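Naming convention: chains lettered A, B, ... in sequence-line order (proteins, then strands); numbering from 1 in each chain.
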Amino acid sequence: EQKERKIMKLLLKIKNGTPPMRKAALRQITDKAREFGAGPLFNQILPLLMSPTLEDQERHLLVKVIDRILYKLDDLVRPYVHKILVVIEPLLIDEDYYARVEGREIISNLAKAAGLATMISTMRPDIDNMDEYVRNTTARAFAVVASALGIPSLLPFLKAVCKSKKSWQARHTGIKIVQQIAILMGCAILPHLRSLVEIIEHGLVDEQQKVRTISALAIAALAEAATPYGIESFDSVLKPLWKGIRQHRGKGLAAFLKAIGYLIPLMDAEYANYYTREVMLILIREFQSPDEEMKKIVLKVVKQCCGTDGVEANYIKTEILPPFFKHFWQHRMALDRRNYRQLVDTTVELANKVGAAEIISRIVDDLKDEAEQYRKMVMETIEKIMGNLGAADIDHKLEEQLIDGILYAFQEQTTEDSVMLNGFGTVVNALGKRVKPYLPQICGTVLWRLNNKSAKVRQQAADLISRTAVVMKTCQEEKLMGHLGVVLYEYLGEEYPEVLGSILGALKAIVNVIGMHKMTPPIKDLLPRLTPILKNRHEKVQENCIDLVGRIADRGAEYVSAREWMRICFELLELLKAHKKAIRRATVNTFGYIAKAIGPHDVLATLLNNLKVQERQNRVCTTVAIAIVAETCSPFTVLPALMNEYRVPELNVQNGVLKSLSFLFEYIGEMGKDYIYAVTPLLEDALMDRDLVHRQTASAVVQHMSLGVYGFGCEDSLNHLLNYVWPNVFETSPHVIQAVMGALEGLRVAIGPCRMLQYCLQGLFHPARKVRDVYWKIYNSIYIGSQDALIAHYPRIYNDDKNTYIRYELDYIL
Amino acid sequence: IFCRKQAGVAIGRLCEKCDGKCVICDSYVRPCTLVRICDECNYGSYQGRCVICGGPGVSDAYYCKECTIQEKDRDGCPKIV
Amino acid sequence: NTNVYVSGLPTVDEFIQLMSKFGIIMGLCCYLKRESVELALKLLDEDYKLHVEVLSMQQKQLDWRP
Amino acid sequence: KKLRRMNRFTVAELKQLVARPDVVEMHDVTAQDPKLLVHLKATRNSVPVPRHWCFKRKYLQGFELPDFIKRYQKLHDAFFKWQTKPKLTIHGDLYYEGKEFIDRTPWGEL
Amino acid sequence: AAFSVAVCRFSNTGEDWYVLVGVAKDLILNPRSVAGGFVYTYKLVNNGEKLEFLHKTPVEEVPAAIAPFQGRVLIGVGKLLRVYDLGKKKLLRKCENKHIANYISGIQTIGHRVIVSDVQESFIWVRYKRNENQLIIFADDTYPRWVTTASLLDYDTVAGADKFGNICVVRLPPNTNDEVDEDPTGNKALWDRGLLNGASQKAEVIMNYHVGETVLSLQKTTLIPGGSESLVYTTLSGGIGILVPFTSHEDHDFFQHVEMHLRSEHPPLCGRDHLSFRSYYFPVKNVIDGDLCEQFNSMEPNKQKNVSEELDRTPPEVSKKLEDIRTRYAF
Amino acid sequence: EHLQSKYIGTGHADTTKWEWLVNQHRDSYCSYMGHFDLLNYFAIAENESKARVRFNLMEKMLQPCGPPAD
Amino acid sequence: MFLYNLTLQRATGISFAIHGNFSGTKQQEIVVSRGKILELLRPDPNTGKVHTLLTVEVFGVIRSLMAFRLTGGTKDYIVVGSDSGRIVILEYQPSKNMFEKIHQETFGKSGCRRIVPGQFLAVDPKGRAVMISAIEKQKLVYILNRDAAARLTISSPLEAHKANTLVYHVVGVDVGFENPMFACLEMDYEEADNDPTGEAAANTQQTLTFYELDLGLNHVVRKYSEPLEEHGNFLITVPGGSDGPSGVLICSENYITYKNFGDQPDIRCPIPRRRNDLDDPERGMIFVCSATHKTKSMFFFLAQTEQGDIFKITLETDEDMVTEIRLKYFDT
RNA sequence: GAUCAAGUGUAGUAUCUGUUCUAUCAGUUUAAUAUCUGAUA
Ligand SMILES: [Zn+2]
Ligand SMILES: [Zn+2]
Ligand SMILES: [Zn+2]
């Protein structure tokens with residue numbers, strides 16, 4: 001009895017505590033599994049698996065137990081299969097993907113453990129069950145049984161089941177299993193495909209509507225899994241499907257149409273023609289069908305047939321499009337999101353084959369429609385088609401209808417819709433140069449919506465400017481872009497940051513277009529307005545404001561004072577280390593522009609004075625800033641100033657220039673090659689110095705110099721620096737020794753493993769353990785780093801009495 | 001400590017606060033190689049975890065250039081544990 | 001000298017937060033270090049129009065200890 | 001047990017057994033393999049262990065602006081016109097406490 | 001087993017030509033042992049169409065390299081470098097040097113300088129003191145290299161190749177002195193000494209490059225009439241390649257930028273880093289891979305555009321500048 | 001550090017001459033097996049087939065330096 | 001001394017060759033490794049002459065090649081093992097005359113390393129799985145699947161590492177559509193390292209181990225392992241399922257042996273020697289390389305000795321059991 | 001330089017004040033010392 005309590009203790013140490021406790025306890029259960037026995041152990045495990053309280057990760061760990069005990073127990077599980085299975089089976093039907101895959105995993109392991117004959121003998125009485133739910137799970141159980149074991153192994157059982165004359169429920173479940181096998185396995189079906197089709201094939205012909213339905217769904221699932229291969233396997237079922245298509249009705253026909261839709265993409269171009277035409281006689285009739293399930297199918301079959309290579313673009317243009325537009329492109333279809341997405345997709349695929357203009361010309365008449373949701377549907381379709389195919393196909397007379405309708409739809413939607421914003425931006429960007437005649441109408445429509453009283457509605461108008469200002473450049477740009485910008489300049493006082501971010505995102509788009517002299521709110525008025533906005537808490541505002549101040553610095557440096565730029569740099573300074581990636585990247589780019597704007601000298605003098613007087617947070621920000629002023633502008637303008645700060649006889653400023661140099665070398669990368677010789681003597685002083693933090697961060701400079709200059713020569717200067725790094729190998733402070741290991745791992749790359757080995761050899765067998773520990777730690781980094789390179793560099797070691805240590809193959813001559 | 005199981009097909013992710021940092025060195029300079037994590041570290045709740053802190057991942061994790069050069073992309077699944 | 005005088009002011013609460021950006025502080029201000037005075041004269045002048053004219057643990061705020 | 005610490009070569013014996021008696025230090029005798037150690041100390045490009053490894057004190061518990069900088073265009077030319085390589089130490093010249101105190105045309109020039 | 005050969009005249013015999021062939025006797029490769037060796041001398045006769053055997057001279061270890069030097073022959077027997085006069089019945093050992101670290105694979109000469117290829121310890125520079133009858137080591141490399149072959153580029157510079165598919169160029173630093181003594185009592189092997197357990201002066205490695213494959217020949221030559229001079233190499237997989245000097249930065253810094261962009265835009269097919277491959281045993285130094293640069297022409301035009309834009313050029317100008325450098329030296 | 005133990009052929013302060021040389025020889029033979037040109041060189045030098053050179057190297061992997069010291 | 005490297009004559013030596021429908025057409029090409037270069041050859045079946053279609057410097061050390069095909073596919077992939085430490089799958093794109101990198105999966109550090117995979121590459125004949133194996137300890141298996149679009153998909157690697165184990169060769173065993181199996185000739189070296197006498201080295205035997213990949217459970221199990229009478233230098237995959245009896249020929253010193261798991265006995269044939277051979281009698285004989293020819297109703301192997309003599313090898317079968325190996329001298 | 005007590009502070013590392021160190025051998029230990037554990041005074 002007490003050993004069952006040990007199972008509790010072991011379960012507890014898996015379900016709770018540190019990972020080695022879990023690992024040990026699992027090892028204990030699994031090796032003890034033979035003694036515990038399957039009966040007691042599953043009487044105890046299955047209650048946890050049945051508990052509603054069990055988390056996903058608890059369940060996953062319990063599965064990681066179940067796999068191993070099943071492997072250990074093996075044949076011992078055979079009496080308990082029935083009990084184990086009924087607790088597990090519901091997982092196969094759980095909506096949670098992970099609960100589901102876990103159930104499949106443990107049925108797989110249970111099926112490897114228990115003999116096939118026992119799985120069959122367990123689940124066979126459920127094949128014949130009256131409940132479709134029991135049959136459904138049983139079908140999913142057997143599919144997993146098939147997956148774990150060989151598919152051929154289960155075939156002789158399926159061959160008996162699908163011909164089980166005494167119960168349609170049984171024959172039905174057989175074909176459910178054959179469907180579920182295809183859904184589970186995927187393309188792995190293919191070498192067993194004809195064996196599976198030849199099990200189903202008689203079912204399509206059967207006297208029971210249920211069996212015909214499930215066999216058509218099995219054939220759909222097999223065809224889906226086989227795509228694009230395996231057509232030769234289905235040659236059996238082609239005749240039965242047409243003979244059914246011509247005859248069946250309702251959801252029993254929807255099943256056959258589903259099968260056919262998956263078969264036509266498998267076919268050669270000649271058969272694709274013949275059999276698509278066979279479909280349309282019935283599929284066009286089903287376009288009238290009231291049933292939403294049928295309507296889901298026929299759109300799928302249209303998408304599949306017209307997507308197939310064989311079927312003529314002209315055939316689609318003549319026989320598909322007229323009845324399709326008639327029955328589906330009408331107001332009633334916008335009402336259901338399922339039909340909505342399916343119709344949009346189907347229609348975009350027709351466009352991919354037949355062309356943009358053939359579809360768009362049947363749709364655009366309804367951009368001017370009454371209903372918002374139907375206008376949304378057509379707009380989403382035009383959005384997708386012109387995103388895929390562009391404007392090339394579209395007639396001038398179709399532009400006129402597009403743009404008229406697009407403008408009408410935008411002025412019509414009561415509430416800001418993303419779809420209308422997408423559609424309008426896409427179509428304008430696609431048309432490009434062709435938009436020129438309509439620009440007054442577009443601008444007026446935008447400007448109207450930009451003067452609207454609603455926050456969201458103005459956000460959408462500014463977003464639309466943001467997405468399309470590049471097209472608006474075309475002509476009278478100064479006139480139109482400029483007034484849009486003056487309206488936006490008023491909204492720079494926005495109460496809502498969501499909106500202000502878009503105002504800024506629209507202003508940003510204007511200055512990326514306008515020549516800065518032609519700006520309508522002059523830059524002298526624009527920048528002061530932005531300076532308080534830089535301090536806004538909201539991410540979208542900060543991003544667009546910093547990025548906009550960026551373009552003003554880049555493109556229009558001359559319009560504002562040195563001191564104006566200097567104050568802006570000093571405010572931007574902390575944003576270089578902001579939490580958000582976007583805010584940092586904007587700050588880095590734009591500090592780089594403003595450093596060019598000011599010129600490097602006084603911005604650097606200001607940064608070096610800040611580096612002496614601030615808290616660690618803002619001091620690290622200045623090290624980032626100084627490096628931007630080096631990569632941008634000139635590095636040679638930065639290093640002379642840093643060299644002078646190091647001549648100040650104070651440990652805190654000196655330590656500061658070492659952090660500045662360490663980041664400068666990380667940041668400028670390959671540019672560092674020009675500068676190693678100049679910075680070398682500073683690093684000698686720093687690395688000879690008594691201070692622990694000088695030697696730590698001089699080592700960090702050497703890491704970044706080394707990794708930055710790899711392959712550009714300079715190994716002379718790096719060998720020289722290694723003579724000052726290397727003595728620090730016996731330092732004991734965590735921070736200095738990790739920085740020294742970092743430097744050595746850098747120099748292994750830039751000087752190479754040969755040199756690093758030459759520094760290790762005399763210490764690997766040195767008398768003192770504290771030398772050996774340190775030298776083997778270094779050697780192991782070089783070895784893991786460069787194992788195959790070391791072959792060339794190992795010294796000649798002479799033979800002993802017992803042992804051969806020469807490498808004779810490398811002594812050979814040719 | 002780092003996980004160091006053999007990495008697989010799953011891509012490592014980063015939360016907004018840790019966005020753009022290198023998992024190994026915590027530098028924000030020059031992301032170069034996509035981080036790859038082991039299946040166990042990317043399963044269920046573990047799926048979508050920030051490599052550095054385990055938060056919801058808003059972006060793909062990237063090993064820096066300095067780490068890629070040193071072949072520190074190769075040590076195994078850099079999920080911090 | 002690290003002492004600085006300021007004019008064109010609006011509270012002590014505003015004043016300390018406003019001036020903290022030019023470096024550590026131990027109307028009139030007193031910075032730890034002289035270079036804060038150069039920063040104030042460059043930047044806090046004109047920043048209303050603002051106008052500007054001329055222990056261990058406290059120094060250990062400027063340290064680069066890891 | 002102290003016994004194996006007695007089961008060692010004398011310095012005399014190690015000095016005579018080896019190709020290079022000038023690399024044999026007092027401490028070398030006490031190694032787990034003094035013959036491998038002395039061999040590695042004699043290899044042609046190998047660098048000695050930092051001498052302070054046996055000192056009771058921690059390693060260091062006992063700047064001038066380069067001439068071309070010190071000398072826009074001027075600041076470019078310091079790096080791209082008149083920059084001289086500093087005195088560089090050779091491979092293996094480790095720093096320590098007291099360290100400071102027939103035609104001849106080159107092939108493949110430009 | 002013949003391992004070395006030379007054709008030469010001797011000062012004593014004047015016009016008469018000789019073929020000297022160095023032979024190992026009963027060489028076992030692994031574990032290595034040998035029954036010493038021989039140098040066979042033949043008098044070349046009948047306008048160099050027949051070998052008239054003259055004498056067979058025994059030696060203690062394989063005479064692995066032979067090099068004619070100042071009307072006498074320099075033979076490297078194991079680790080011993082010896083000058084041999086023709087003699088009449090046998091070669092006469094005028095001088096010997098026993099300070100070479102290991103087995104000698106090759107011997108090049110220029111003026112009074114002798115460059116000795118050690119099997120593992122790379123290059124040793126020796127001067128023959130003519131009046132004093134001494135071979136003096138005056139410089140060595142700072143790396144082990146498993147040298148296979150060597151070539152003299154100038155009086156101060158050696159191109160070498162090794163068993164690990166590398167090429168290097170090693171140069172004597174300016175103001176290296178070859179006028180060096182060896183002490184008649186012993187002082188220069190006792191008190192006075194060399195650096196790091198090698199010679200007192202060191203060669204600089206001015207070039208390193210992993211060819212990717214073992215080189216057994218190096219020759220400085222012009223491959224085309226009125227083309228530029230080049231360093232030609234050959235390999236065990238049957239490759240032939242060249243290393244050619246850039247004449248100016250207008251070439252060098254351009255091809256440097258081309259190589260940088262192709263390393264990222266067109267990375268190696270089987271997943272290697274290119275810089276890592278060319279840096280296999282030592283970091284790559286002063287060589288640009290034209291085998292990578294000429295892949296520009298094999299990129300899709302999408303990449304050719306993008307790479308050429310980052311080079312301030314159109315793709316035809318890039319293709320032409322690639323053709324121009326090949327045709328200047330190579331065919 | 002502990003994690004270095006994931007990698008065979010690393011060492012530590014009580015690594016012997018024999019342990020270290022056996023790793024150098026095993027790594028060398030694996031390098032010769034991979035480097036096609038280095039394998040070419042040995043096949044030509046021994047006058048032996050590349051397939052027998054590879055086999056002889058694999059046979060040498062078991063006890064490349066002779067038995068452990070004692 | 002700035003220098004520009006140019007190849008004048010590409011390497012001509014071949015170290016690996018694989019054959020397949022790399023173009024995805026009726027005709028066969030050969031992909032050859034020249035170590036640093038990957039090259040595609042077409043033999044014209046009319047003119048006889050062999051045309052080089054494509055040559056690519058791969059700036060790496062190619063160490064293994066396999067052709068493989070997904071079940072149902074018309075076109076062969078090249079899978080490459082290299083010093084890179086990344087498994088690379090290439091598809092030849094005939095229209096663009098280029099090798100296109102379909103996958104690149106990373107598992108280790110670069111160089112020709114002892115414990116990092118790349119030296120040995122084995123693919124399942126059906127193309128379901130690929131195993132990349134290091135000389136020592138580390139072996140990794142990548143499952144291969146075809147997506148709906150028919151683009152190749154590579155599974156995450158499954159670890160199959162056995163410490164202190166040296167692998168001499170790995171080949172995929174043809175099990176038909178049963179779970180993929182790989183076969184490795186392996187020797188465990190732990191005991192030799194711990195035995196001062198050296199007896200353990202002498203008494204260490206190579207084993208043939210079959211590793212099975214249970215596709216369902218995503219794990220690789222070391223399912224059978226067996227000591228060989230003598231050391232094999234390489235393995236040959238024997239055709240399986242309908243095509244043949246499965247199993248693997250071990251080529252060894254003086255012998256060729258057929259083995260299969262289960263009730264199959266060992267069949268062993270000595271390698272026939274040259275009559276009047278002038279060679280040193282102490283010299284054993286190995287097969288240096290092999291080709292397989294699989295035909296609609298039969299198969300045979302060609303195996304070449306160190307002397308250059310090719311033997312045609314056939315296997316007689318009764319039921320699914322091999323009963324004898326037959327060797328006919330073919331050509332030199 | 002080792003070693004004991006006390007204050008103080010940090011994500012972590014420590015700083016800082018007040019003491020001890022006087023003879024040999026053996027064992028433990030170390031590169032050698034030392035410390036530590038016994039013995040002789
Ligand atoms: Zn990093
Ligand atoms: Zn992980
Ligand atoms: Zn995070």
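- In this model, the phosphate group of H:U30 is approached by a side-chain N or O of D:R5 to a distance below 4.0 Å at OP1 or OP2.
- Across all their heavy atoms, C:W64 and A:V620 have their closest contact at CH2-N, 4.3 Å.
- When the P atom of H:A31 is taken as reference, atom CD of A:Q762 falls 19 Å away, rounded to whole Å.
- The nearest whole Å value for the distance from the CD1 atom in A:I737 to the P atom in H:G12 is 23 Å.
- Atom CZ of D:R8 is separated from atom P of H:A31 by 9 Å (rounded to the nearest Å).
- Distance noted for atom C1' between H:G1 and H:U33: 12 Å (whole Å).
- To the nearest whole angstrom, the two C1' atoms, one in H:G9 and one in H:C16, are 11 Å apart.
- Between F:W20 and A:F765, the ring planes lie tilted relative to each other; the angle falls in the 30° to 60° range.
- Glycosidic torsion of H:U29 falls outside 90° of 0, placing the base in anti.
- Atom-to-atom, NE2 of A:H735 to P of H:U10 comes out at 17 Å; the value is rounded to the nearest Å.
- Atom pair D:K2:NZ and H:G27:P shows a separation of 5 Å (rounding to whole Å applied).
- For H:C36, the sugar pucker falls north, since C1'-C2'-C3'-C4' comes out positive.
- Atom CG in F:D14 sits roughly 10 Å away from atom P in H:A31 (whole-Å rounding).
- Geometrically, B:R49 engages B:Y46 in a cation-pi contact, judged by NZ or CZ lying under 6.0 Å from the ring centre and within 45° of the ring axis.
- When the P atom is used for both H:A6 and H:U40, the distance is 36 Å, rounded to whole Å.
- Using cut-offs of 30° and 60° on the angle between ring planes, the pair A:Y779 and A:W776 is perpendicular.
- Between H:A41 and H:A26, the two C1' atoms lie 15 Å apart (nearest whole Å).
- We find that CE of C:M57 is positioned 18 Å from P of H:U15, with the value rounded to whole Å.
- The residues D:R51 and D:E97 are annotated as not salt-bridged, no charged nitrogen and carboxylate oxygen being separated by less than 4.0 angstrom.
- Pairing each heavy atom of B:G20 with each of B:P31, the nearest pair is O-CG, 4.5 Å.
- When distances run from any side-chain atom of C:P66 to the nucleotides H:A11, H:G12, H:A31, the shortest one goes to H:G12.
- Atom name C1', nucleotides H:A31 and H:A39: the rounded distance is 28 Å, in whole Å.
- Here the nucleotide nearest the side chain of A:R769, chosen from H:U33, H:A31, H:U28, is H:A31.
- If you take CG of A:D773 and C1' of H:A31, they are 13 Å apart, rounded to a whole angstrom.
- With RNA chain H read from its 5' end, the first of the two nearest nucleotides for D:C54 and D:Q61 is the one closest to D:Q61.
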Original post:
Given pairs defined as Watson-Crick or G-U wobble with both distances under 3.5 Å, what dot-bracket annotation applies to RNA chain H, with ( ) intrastrand, [ ] crossing, | other strand and . unpaired?
Top reply: .(.((.((.....)).)).)..(((((........))))).

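- When the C1' atom is compared between H:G27 and H:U8, the two are found 43 Å apart, to the nearest whole Å.
- Adjacent nucleotides H:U22 and H:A23 fail the stacking criterion: their six-membered base rings are not both under 5.5 Å apart at the centres and under 30° between the planes.
- Inter-residue side-chain proximity for B:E66 and B:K72 is flagged as unmet; no heavy-atom pair is nearer than 4.5 Å.
- In terms of position along RNA chain H, the nucleotide closest to A:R616 lies nearer the 5' end than the nucleotide closest to the other residue of the pair A:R616 and A:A768.
- Taking only side-chain atoms of D:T30, from C-beta outward, the nucleotide of H:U13, H:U33, H:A31 with the closest atom is H:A31.
- Aromatic ring pairs are classed by plane angle as parallel below 30°, tilted from 30° to 60° and perpendicular above 60°; the pair A:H694 and A:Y646 is tilted.
- Within a 6.0 Å sphere centred on NZ of B:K17, other residues, nucleotides and ligands contribute 12 heavy atoms or fewer.
- Nucleotides H:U3 and H:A34 have their P atoms positioned 15 Å apart, rounded to a whole Å.
- To the nearest whole angstrom, the two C1' atoms, one in H:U35 and one in H:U28, are 11 Å apart.
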